[PDB]
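There are 2 protein chains.
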Amino acid sequence: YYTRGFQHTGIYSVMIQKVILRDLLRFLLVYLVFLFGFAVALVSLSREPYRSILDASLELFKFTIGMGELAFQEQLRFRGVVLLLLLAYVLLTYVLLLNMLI
Amino acid sequence: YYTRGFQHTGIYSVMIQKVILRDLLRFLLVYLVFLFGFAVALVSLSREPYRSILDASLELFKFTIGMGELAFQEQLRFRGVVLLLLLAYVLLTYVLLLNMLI
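Top line first, the protein sequences correspond to chains C and D.
Reading the first sequence from the start, the letters are residues 514 to 561, 589 to 642 in the authors' numbering.
Reading the second sequence from the start, the letters are residues 514 to 561, 589 to 642 in the authors' numbering.
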């Protein structure tokens, strides 16, 4: 809060709070909706390794940078659809990031 | 779909679908062509660890962020060319990303 004084160093640090708080909120809401949907989907696949909804959400949050990928061999013959869903989540996250920058 | 209403929050969210769908499609096609070519190349090296084409494609997709690097010691005396190919794939992916942003 005390960066409001000082010198010109605050010029770029005072205008961010008027557009970031408006844009990041909506975009993060959309991202969380997508993340929870994908997590529920992965739990549905793994039910019959993504045990709880919280664990799946954590995995999806890690997928953007650190992954939990390389599915466990024979995942009830649904490895292909799981991999396709993971790729789809990657593309949605990346396009949301590009929309963030734009 | 229901973000088309609301308020000014949709102003930046309606114009993205007219240029993203045109640019990302072609750039992703190019990226997939490069990825499949590099995966086939890695399979060719590893034939005589990148067993199937799907596994190699998955590894190349991971290389951009999470890697499968640190080749397995003596890879039939072809560790150097494999490492050079991996570096080349990294540079092509990065330059494609910069082209994406531009």
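Each residue gets a CB set at the ideal place from its N, CA and C atoms; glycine is no exception.
Below-7 Å beta-carbon distance, residue i vs any chain C residue
i         : result
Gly-606/D : yes
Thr-633/D : no
CB contact check: residue i to chain D, cutoff 7 Å
i         : result
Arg-539/C : yes
Closest by C-alpha distance to residue i, when choosing among the options
i             : options                                    : result
residue 571/D : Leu-610/C, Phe-519/C, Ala-596/C, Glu-561/C : Along chain D, the last residue before the gap is 561 and the first after it is 589, so residue 571/D carries no coordinates.
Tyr-629/D     : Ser-526/D, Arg-517/D, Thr-522/D, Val-553/D : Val-553/D
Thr-604/D     : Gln-520/D, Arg-560/D, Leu-627/D, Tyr-515/D : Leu-627/D
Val-556/D     : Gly-523/D, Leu-537/D, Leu-600/D, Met-607/D : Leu-600/D
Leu-637/D     : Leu-598/D, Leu-623/D, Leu-541/D, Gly-518/D : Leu-541/D
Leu-631/C     : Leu-538/D, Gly-523/D, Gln-520/D, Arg-517/D : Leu-538/D
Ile-642/C     : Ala-596/D, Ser-526/D, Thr-633/D            : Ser-526/D
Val-635/C     : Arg-591/D, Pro-589/D, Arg-535/D            : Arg-535/D
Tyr-590/D     : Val-543/D, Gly-606/D, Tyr-544/D, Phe-612/D : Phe-612/D
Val-622/C     : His-521/D, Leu-598/D, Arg-517/D, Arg-560/D : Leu-598/D
For this session: Give a yes or no on contact between the stretch 613 to 621 of chain D and the stretch 614 to 623 of chain C, applying the rule of three or more CB pairs nearer than 8 Å.
Result: When C-beta atoms of the stretch 613 to 621 of chain D are compared with those of the stretch 614 to 623 of chain C, fewer than three pairs fall below 8 Å, so the two segments do not count as touching.
Exercise. Within the chosen definition, does the stretch 522 to 533 of chain C reach the stretch 544 to 552 of chain C through at least 3 CB pairs nearer than 8 Å?
Worked result: The way I'd put it, the stretch 522 to 533 of chain C doesn't touch the stretch 544 to 552 of chain C; fewer than three beta-carbon pairs between them come closer than 8 Å.
Exercise. Which residues, in order along the stretch 591 to 618 of chain D, keep a beta-carbon less than 7 Å from a beta-carbon of chain C?
Worked result: Of all residues in the stretch 591 to 618 of chain D, those with a C-beta nearer than 7 Å to a C-beta of chain C are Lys-602, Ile-605, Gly-606, reading in chain order.
Problem set entry | Interfacial residues, the stretch 521 to 534 of chain D to chain C, with Cβ spacing under 8 Å | The residues in question are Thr-522, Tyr-525, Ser-526, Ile-529, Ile-533.
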